[PDB]
Number of protein chains: 2
Amino acid sequence: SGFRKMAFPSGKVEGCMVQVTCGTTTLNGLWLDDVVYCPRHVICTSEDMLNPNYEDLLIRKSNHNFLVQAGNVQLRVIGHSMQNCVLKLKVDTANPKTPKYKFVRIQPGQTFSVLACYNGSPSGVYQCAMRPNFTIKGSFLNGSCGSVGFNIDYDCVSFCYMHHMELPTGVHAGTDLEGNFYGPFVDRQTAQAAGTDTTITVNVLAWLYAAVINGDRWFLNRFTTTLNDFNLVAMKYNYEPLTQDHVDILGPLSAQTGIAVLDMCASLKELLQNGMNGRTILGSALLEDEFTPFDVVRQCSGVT
Amino acid sequence: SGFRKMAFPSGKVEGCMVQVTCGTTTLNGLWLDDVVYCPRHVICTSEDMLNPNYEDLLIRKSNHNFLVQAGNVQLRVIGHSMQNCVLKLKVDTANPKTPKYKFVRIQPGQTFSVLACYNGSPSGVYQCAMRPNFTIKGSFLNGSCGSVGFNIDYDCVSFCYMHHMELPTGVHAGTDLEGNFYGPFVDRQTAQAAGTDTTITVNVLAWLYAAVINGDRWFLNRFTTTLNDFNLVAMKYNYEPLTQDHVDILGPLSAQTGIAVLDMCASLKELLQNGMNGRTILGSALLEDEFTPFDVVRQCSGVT
Ligand SMILES: Cc1ccncc1NC(=O)[C@H](C)c1cccc(C#N)c1
Ligand SMILES: Cc1ccncc1NC(=O)[C@H](C)c1cccc(C#N)c1
């Protein structure tokens, strides 16, 4: 009973967080095996950020200029390399708390947990979605760079995001763990446009199924629709076009509730055209898009 | 930038979770030092739950009937005792992962993180508030009993809640770590009424300050009010009466934004009387009451 914006248990990721300092800039690093990963802008001063030449800036640095502190003890840096927008610092000690892990690049519309950190220490954990425009609406202040996003499948942590930047609009941008930015962003202090965002249609449908499972059914109507008709409405309301791939992953929820996907699309169509009329669904007065079909299945079945 | 429903990092609590089995009933236990804490209904069959006599039921049990498994290894039970609605199982081994901890009883309207667990394994973490009627609107399925709520102050985990029961309305009830229920509930399979709930006024005000800090200011108006006038409105909308104690803890937010508490009460008054008019505040179309003034200060300053 009940449905919450649940994050993964952050324990496995907490054991990997370290503080990385280079010059007078300090941020967070991810220590997996004998490598510490962090945003390459750790080597920049505030003035360098205006128009950095990272290759030239990194050439002035040596292994002894990167200070890595894991909790209370100091790690010895025996190598350094830049991969895209991340720095990889080779250390002489493998992290004894390294969980089973993978580096994955998530698709827009997928969700993940963020462990927000400052000075190598965790402050909080929250669940969010990668927006269709490749930004994340996080909660990050200065010093939070190097904080990571992840998913967990039983004992394996799949790291998908590393925080790098706050756009002038207050939304956030970052990279995968190979240092490739999500979206069109660059690690530079320059105004950068994030694309037009849209609502993650499949996620709203998954969340409407979670509402039915937990007893919120007032929005169910006597109508149905077609993919074409629904997509005409989705376009008018800046929702992502629904595809047969989206219908396929909603199948387990359709099977559990007996509500055909296209019948749920007709309920979504009426909510888009009429609004909530002062009512709520799962404690929300808007259509929630940060739960994927997989998240709803996992939460509603109790997967640990 | 940004404001999220952030939970505490759950690492310290994950290291304490164990599985407790007695007969054919399995639930979660909390292993701190050489004691495992769990709901006393672990000793009941489904039929016993109709009208349990816990003293008589516990008399038929011996130390060897309580199976405690911490991850993969079995703990040896050398003592058992019932304290209110919790069972305390003395084990021959102190948990090597015991964090610095306290047992605290929280007041209604306070917030905390829940680490939802099944069979001793963590599935997710979420932040919630203790409702003024002493229920929590969690996300719990069968097997989640023994999952705990907590807060963390630097290195100290203050355990405040242990999950015990799902009411017929789908809301949740539980105890402090001394086994005293929050609210008028009893650990019995009988329909039980939770009081009339109200909105946590001080929390909504704290969240309106968080919105101002992050740029959502459309709801600020040219008006002010008095505690008496505001409380007339709060009563009409089933909001908790605001006291000078509530005003006192909102002071740091009033100081940061320069918006007097009573001026913020006047904005809240207009939002209660007029609604949001199809607009949102911090990504919400309703007035959010699950962030205390302390949570907003902590999140907006980056406390780790
Ligand atoms: C201030 C702040 C708040 C939240 N998240 C990140 C930040 N910090 C930043 O955005 C830093 C100053 C920055 C500036 C320009 C480019 C990059 C990159 N990549 C990083
Ligand atoms: C089914 C379920 C879902 C979520 N949370 C708890 C539960 N489990 C329960 O509420 C169990 C069956 C129960 C029955 C009656 C009294 C107590 C107590 N104390 C416990």
# chains A, B, ... in the order shown; residues from 1 in each chain; ligands from 1
$ residues_near_ligand --ligand "ligand 2" --cutoff "9 Å" --atoms "only C-alpha atoms and all ligand atoms" --output "number ranges by chain"
A: 1-2; B: 39-41, 46, 49-50, 85, 138-145, 163-168, 170-175, 181, 185-190
$ write_last_selection --atoms "N, CA, C and O atoms" --output "CSV table (one decimal), in the first residue's frame"
chain,number,residue,atom,x,y,z
A,1,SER,N,0.8,-1.2,0.0
A,1,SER,CA,0.0,0.0,0.0
A,1,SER,C,0.9,1.3,0.0
A,1,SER,O,1.9,1.3,0.7
A,2,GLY,N,0.5,2.2,-0.8
A,2,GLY,CA,1.2,3.5,-0.9
A,2,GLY,C,2.2,3.5,-2.0
A,2,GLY,O,2.6,2.4,-2.5
B,39,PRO,N,9.4,-6.1,15.3
B,39,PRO,CA,8.0,-6.1,15.8
B,39,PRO,C,7.7,-7.4,16.5
B,39,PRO,O,8.1,-8.5,16.1
B,40,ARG,N,7.0,-7.3,17.7
B,40,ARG,CA,6.6,-8.5,18.4
B,40,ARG,C,5.7,-9.4,17.7
B,40,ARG,O,5.6,-10.6,18.0
B,41,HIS,N,5.0,-8.9,16.6
B,41,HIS,CA,4.1,-9.8,15.9
B,41,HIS,C,4.8,-10.8,15.1
B,41,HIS,O,4.2,-11.7,14.5
B,46,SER,N,-1.1,-15.8,11.3
B,46,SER,CA,-2.1,-14.9,10.8
B,46,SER,C,-3.4,-15.0,11.7
B,46,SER,O,-4.0,-14.0,12.0
B,49,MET,N,-3.2,-13.1,15.0
B,49,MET,CA,-3.4,-11.6,14.8
B,49,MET,C,-4.8,-11.2,15.1
B,49,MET,O,-4.9,-10.0,15.3
B,50,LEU,N,-5.8,-12.0,15.1
B,50,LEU,CA,-7.2,-11.6,15.3
B,50,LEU,C,-7.4,-11.0,16.7
B,50,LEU,O,-8.1,-10.0,16.8
B,85,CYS,N,5.6,-3.2,22.2
B,85,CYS,CA,5.3,-3.9,20.9
B,85,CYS,C,6.6,-4.4,20.2
B,85,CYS,O,6.5,-4.7,19.0
B,138,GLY,N,3.4,5.8,3.8
B,138,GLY,CA,4.5,5.2,3.3
B,138,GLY,C,4.3,4.4,2.0
B,138,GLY,O,3.3,4.7,1.3
B,139,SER,N,5.2,3.5,1.7
B,139,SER,CA,5.1,2.6,0.6
B,139,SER,C,5.6,1.3,1.2
B,139,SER,O,6.8,1.1,1.3
B,140,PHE,N,4.7,0.5,1.7
B,140,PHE,CA,5.1,-0.7,2.3
B,140,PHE,C,4.2,-1.9,1.9
B,140,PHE,O,3.0,-1.7,1.8
B,141,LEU,N,4.8,-3.0,1.6
B,141,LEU,CA,4.0,-4.2,1.3
B,141,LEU,C,4.2,-5.3,2.4
B,141,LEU,O,5.0,-5.0,3.3
B,142,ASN,N,3.5,-6.4,2.3
B,142,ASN,CA,3.7,-7.5,3.3
B,142,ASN,C,5.2,-7.9,3.3
B,142,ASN,O,5.9,-7.9,2.3
B,143,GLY,N,5.8,-8.1,4.5
B,143,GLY,CA,7.2,-8.4,4.6
B,143,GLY,C,8.0,-7.2,5.0
B,143,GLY,O,9.2,-7.3,5.4
B,144,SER,N,7.5,-6.0,4.9
B,144,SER,CA,8.2,-4.8,5.2
B,144,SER,C,8.2,-4.4,6.7
B,144,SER,O,9.0,-3.5,7.0
B,145,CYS,N,7.5,-5.1,7.5
B,145,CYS,CA,7.5,-4.9,8.9
B,145,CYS,C,8.9,-5.0,9.5
B,145,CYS,O,9.7,-5.9,9.1
B,163,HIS,N,8.4,0.0,11.4
B,163,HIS,CA,7.1,-0.2,10.8
B,163,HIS,C,6.4,-1.4,11.3
B,163,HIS,O,7.1,-2.5,11.4
B,164,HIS,N,5.1,-1.3,11.6
B,164,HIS,CA,4.4,-2.5,12.1
B,164,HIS,C,3.1,-2.9,11.3
B,164,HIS,O,2.8,-4.1,11.3
B,165,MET,N,2.4,-1.9,10.9
B,165,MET,CA,1.0,-2.2,10.4
B,165,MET,C,0.5,-1.3,9.3
B,165,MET,O,0.8,-0.1,9.2
B,166,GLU,N,-0.4,-1.9,8.5
B,166,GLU,CA,-1.0,-1.2,7.4
B,166,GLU,C,-2.5,-1.1,7.8
B,166,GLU,O,-3.1,-2.1,8.1
B,167,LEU,N,-3.0,0.1,7.9
B,167,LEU,CA,-4.4,0.3,8.3
B,167,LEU,C,-5.3,0.0,7.2
B,167,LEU,O,-4.9,0.0,6.0
B,168,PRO,N,-6.6,-0.3,7.4
B,168,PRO,CA,-7.5,-0.6,6.2
B,168,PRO,C,-7.6,0.5,5.2
B,168,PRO,O,-8.0,0.3,4.1
B,170,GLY,N,-5.0,2.0,3.9
B,170,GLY,CA,-3.7,2.1,3.2
B,170,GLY,C,-2.7,3.0,3.7
B,170,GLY,O,-1.6,3.2,3.1
B,171,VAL,N,-2.9,3.6,4.9
B,171,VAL,CA,-1.9,4.4,5.5
B,171,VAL,C,-1.1,3.5,6.6
B,171,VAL,O,-1.6,2.3,6.8
B,172,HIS,N,0.0,3.9,7.1
B,172,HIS,CA,0.8,3.1,7.9
B,172,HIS,C,1.0,3.5,9.3
B,172,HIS,O,0.9,4.7,9.7
B,173,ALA,N,1.2,2.5,10.2
B,173,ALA,CA,1.4,2.8,11.6
B,173,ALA,C,2.5,2.0,12.2
B,173,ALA,O,2.8,0.9,11.7
B,174,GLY,N,3.2,2.5,13.2
B,174,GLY,CA,4.3,1.9,13.8
B,174,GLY,C,4.7,2.5,15.1
B,174,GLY,O,4.0,3.3,15.7
B,175,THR,N,5.9,2.1,15.6
B,175,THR,CA,6.3,2.4,16.9
B,175,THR,C,7.6,3.2,17.0
B,175,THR,O,8.4,3.2,16.0
B,181,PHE,N,3.6,2.5,20.3
B,181,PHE,CA,3.0,3.0,19.0
B,181,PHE,C,2.9,4.5,19.0
B,181,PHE,O,2.7,5.2,20.0
B,185,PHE,N,-2.9,3.3,18.0
B,185,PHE,CA,-2.9,1.9,17.4
B,185,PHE,C,-2.5,0.8,18.3
B,185,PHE,O,-1.7,1.0,19.2
B,186,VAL,N,-3.0,-0.4,18.0
B,186,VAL,CA,-2.7,-1.7,18.7
B,186,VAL,C,-2.3,-2.7,17.6
B,186,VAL,O,-2.8,-2.7,16.5
B,187,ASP,N,-1.3,-3.6,17.9
B,187,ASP,CA,-0.9,-4.6,17.0
B,187,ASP,C,-1.8,-5.8,17.0
B,187,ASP,O,-1.6,-6.8,17.6
B,188,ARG,N,-3.0,-5.6,16.3
B,188,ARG,CA,-4.1,-6.5,16.2
B,188,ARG,C,-4.8,-6.3,14.8
B,188,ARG,O,-4.9,-5.2,14.3
B,189,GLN,N,-5.3,-7.4,14.2
B,189,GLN,CA,-6.1,-7.4,12.9
B,189,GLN,C,-7.5,-7.0,13.2
B,189,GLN,O,-8.4,-7.8,13.3
B,190,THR,N,-7.7,-5.7,13.5
B,190,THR,CA,-9.0,-5.1,13.8
B,190,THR,C,-9.0,-3.7,13.2
B,190,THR,O,-8.0,-3.0,13.1
$ residues_around --residues "residue 233 (chain B)" --least-positions-apart "2" --cutoff "12 Å" --atoms "only C-alpha atoms" --output "compact mmCIF listing (two decimals) with N, CA, C and O atoms, in the first residue's frame"
# COMPACT_ATOMS: atom_id res chain seq x y z
N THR B 201 1.23 23.19 8.90
CA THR B 201 1.39 24.60 8.53
C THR B 201 2.83 25.11 8.51
O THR B 201 3.23 25.74 7.53
N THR B 225 -0.53 39.72 7.40
CA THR B 225 -1.61 39.22 8.24
C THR B 225 -1.13 39.20 9.71
O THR B 225 0.00 39.62 10.00
N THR B 226 -1.98 38.74 10.64
CA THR B 226 -1.63 38.55 12.03
C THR B 226 -1.76 37.06 12.34
O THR B 226 -2.50 36.35 11.64
N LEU B 227 -1.16 36.58 13.46
CA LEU B 227 -1.34 35.17 13.85
C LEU B 227 -2.80 34.80 14.00
O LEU B 227 -3.21 33.76 13.52
N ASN B 228 -3.60 35.68 14.64
CA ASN B 228 -5.03 35.44 14.80
C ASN B 228 -5.75 35.33 13.45
O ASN B 228 -6.44 34.34 13.24
N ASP B 229 -5.57 36.29 12.56
CA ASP B 229 -6.22 36.27 11.25
C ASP B 229 -5.79 35.04 10.44
O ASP B 229 -6.64 34.32 9.91
N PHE B 230 -4.48 34.75 10.41
CA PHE B 230 -3.98 33.57 9.73
C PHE B 230 -4.61 32.29 10.31
O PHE B 230 -5.05 31.44 9.55
N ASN B 231 -4.69 32.20 11.64
CA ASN B 231 -5.24 31.00 12.27
C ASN B 231 -6.72 30.79 11.99
O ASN B 231 -7.16 29.65 11.96
N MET B 235 -7.69 27.24 10.28
CA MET B 235 -8.76 26.39 10.78
C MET B 235 -9.77 26.05 9.69
O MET B 235 -10.20 24.90 9.59
N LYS B 236 -10.14 27.05 8.86
CA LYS B 236 -11.11 26.81 7.79
C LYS B 236 -10.60 25.80 6.76
O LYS B 236 -11.40 25.06 6.22
N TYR B 237 -9.27 25.71 6.57
CA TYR B 237 -8.66 24.79 5.59
C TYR B 237 -7.99 23.56 6.19
O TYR B 237 -7.23 22.87 5.49
N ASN B 238 -8.29 23.25 7.45
CA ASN B 238 -7.76 22.11 8.18
C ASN B 238 -6.23 22.09 8.19
O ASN B 238 -5.57 21.09 7.91
N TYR B 239 -5.68 23.25 8.50
CA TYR B 239 -4.28 23.46 8.70
C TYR B 239 -4.06 23.56 10.21
O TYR B 239 -4.93 24.03 10.94
N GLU B 240 -2.88 23.16 10.66
CA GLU B 240 -2.51 23.26 12.07
C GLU B 240 -2.41 24.72 12.46
O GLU B 240 -1.88 25.52 11.68
N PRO B 241 -2.88 25.09 13.65
CA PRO B 241 -2.72 26.49 14.10
C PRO B 241 -1.23 26.81 14.24
O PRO B 241 -0.46 26.00 14.73
N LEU B 242 -0.84 27.96 13.75
CA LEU B 242 0.55 28.40 13.82
C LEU B 242 0.77 29.08 15.18
O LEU B 242 -0.04 29.90 15.62
N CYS B 265 2.91 34.20 5.77
CA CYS B 265 1.58 33.69 6.17
C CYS B 265 0.50 34.33 5.29
O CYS B 265 -0.47 33.66 4.97
N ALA B 266 0.66 35.61 4.90
CA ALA B 266 -0.31 36.27 4.05
C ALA B 266 -0.29 35.68 2.65
O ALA B 266 -1.35 35.52 2.05
N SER B 267 0.90 35.29 2.14
CA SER B 267 0.97 34.59 0.85
C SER B 267 0.26 33.23 0.98
O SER B 267 -0.50 32.86 0.10
N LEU B 268 0.51 32.51 2.08
CA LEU B 268 -0.13 31.20 2.28
C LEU B 268 -1.66 31.35 2.36
O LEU B 268 -2.37 30.55 1.76
N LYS B 269 -2.14 32.40 3.04
CA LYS B 269 -3.56 32.72 3.17
C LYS B 269 -4.19 32.88 1.78
O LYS B 269 -5.23 32.26 1.52
N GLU B 270 -3.55 33.65 0.89
CA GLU B 270 -4.07 33.86 -0.47
C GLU B 270 -4.04 32.58 -1.30
O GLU B 270 -5.00 32.31 -2.01
N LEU B 271 -2.99 31.75 -1.15
CA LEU B 271 -2.95 30.46 -1.85
C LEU B 271 -4.06 29.53 -1.32
O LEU B 271 -4.64 28.79 -2.10
N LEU B 272 -4.36 29.59 -0.01
CA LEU B 272 -5.43 28.74 0.54
C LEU B 272 -6.79 29.21 0.02
O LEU B 272 -7.60 28.39 -0.39
N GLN B 273 -7.02 30.52 0.01
CA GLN B 273 -8.29 31.08 -0.44
C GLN B 273 -8.50 31.07 -1.96
O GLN B 273 -9.65 31.02 -2.41
N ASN B 274 -7.43 31.17 -2.76
CA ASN B 274 -7.56 31.25 -4.22
C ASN B 274 -7.06 30.05 -5.00
O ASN B 274 -7.34 29.95 -6.19
$ atom_distance --atom1 "CA of residue 31 (chain B)" --atom2 "CA of residue 12 (chain B)"
11.4 Å
$ select_by_dssp --residues "region 172-213 of chain B" --states "alpha helix (DSSP H)" --output "number ranges by chain"
B: 201-213
$ write_last_selection --atoms "C-alpha atoms" --output "mmCIF file, in the first residue's frame"
data_model
loop_
_atom_site.group_PDB
_atom_site.id
_atom_site.type_symbol
_atom_site.label_atom_id
_atom_site.label_comp_id
_atom_site.auth_asym_id
_atom_site.auth_seq_id
_atom_site.Cartn_x
_atom_site.Cartn_y
_atom_site.Cartn_z
ATOM 1 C CA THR B 201 1.388 24.604 8.529
ATOM 2 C CA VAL B 202 4.982 25.354 9.640
ATOM 3 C CA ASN B 203 6.262 22.889 6.988
ATOM 4 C CA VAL B 204 4.226 24.477 4.174
ATOM 5 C CA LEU B 205 5.664 27.876 5.236
ATOM 6 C CA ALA B 206 9.192 26.440 5.297
ATOM 7 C CA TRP B 207 8.615 25.018 1.785
ATOM 8 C CA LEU B 208 7.294 28.417 0.521
ATOM 9 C CA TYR B 209 10.629 29.914 1.784
ATOM 10 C CA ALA B 210 12.550 27.154 -0.097
ATOM 11 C CA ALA B 211 10.559 28.147 -3.229
ATOM 12 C CA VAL B 212 11.553 31.830 -2.818
ATOM 13 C CA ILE B 213 15.214 30.804 -2.350
#
$ atom_distance --atom1 "CA of residue 99 (chain B)" --atom2 "CA of residue 123 (chain A)"
16.3 Å
$ interface_residues --of "chain A" --to "chain B" --cutoff "7 Å" --atoms "only C-alpha atoms" --output "PyMOL selection string"
chain A and resi 1-11+14+118+121-126+137-141+170+285-286+302-304
$ select_by_dssp --residues "region 7-247 of chain B" --states "strand (DSSP E or B)" --output "MDAnalysis selection string"
chainID B and resid 7 17:22 25:32 35:39 66:70 73:75 77:83 86:91 100:103 111:118 121:129 136 148:153 156:166 172:175 181 199 239
$ residues_around --residues "residue 20 (chain A)" --least-positions-apart "6" --cutoff "12 Å" --atoms "only C-alpha atoms" --output "PyMOL selection string"
chain A and resi 26-31+36-43+64-71+74-77+87-89+118-121+143-147
$ atom_distance --atom1 "CA of residue 102 (chain B)" --atom2 "CA of residue 156 (chain B)"
7.3 Å
$ residues_around --residues "region 56-60 of chain B" --least-positions-apart "2" --cutoff "9 Å" --atoms "only C-alpha atoms" --output "PDB file with C-alpha atoms, in the first residue's frame"
ATOM      1  CA  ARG B  40       6.645  -8.469  18.422  1.00  0.00           C
ATOM      2  CA  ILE B  43       5.713 -14.558  16.975  1.00  0.00           C
ATOM      3  CA  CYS B  44       2.144 -14.627  15.630  1.00  0.00           C
ATOM      4  CA  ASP B  48      -3.129 -15.210  16.197  1.00  0.00           C
ATOM      5  CA  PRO B  52      -3.298 -11.895  20.211  1.00  0.00           C
ATOM      6  CA  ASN B  53      -2.231 -12.379  23.818  1.00  0.00           C
ATOM      7  CA  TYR B  54       1.467 -11.572  23.244  1.00  0.00           C
ATOM      8  CA  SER B  62      12.554 -20.067  23.319  1.00  0.00           C
ATOM      9  CA  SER B  81      12.409  -9.951  25.930  1.00  0.00           C
ATOM     10  CA  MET B  82       9.348  -8.008  24.989  1.00  0.00           C
TER      11      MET B  82
END
$ closest_residue --among "B:162, B:93, B:244, B:263" --to "residue 222 (chain B)" --atoms "only C-alpha atoms"
B:263
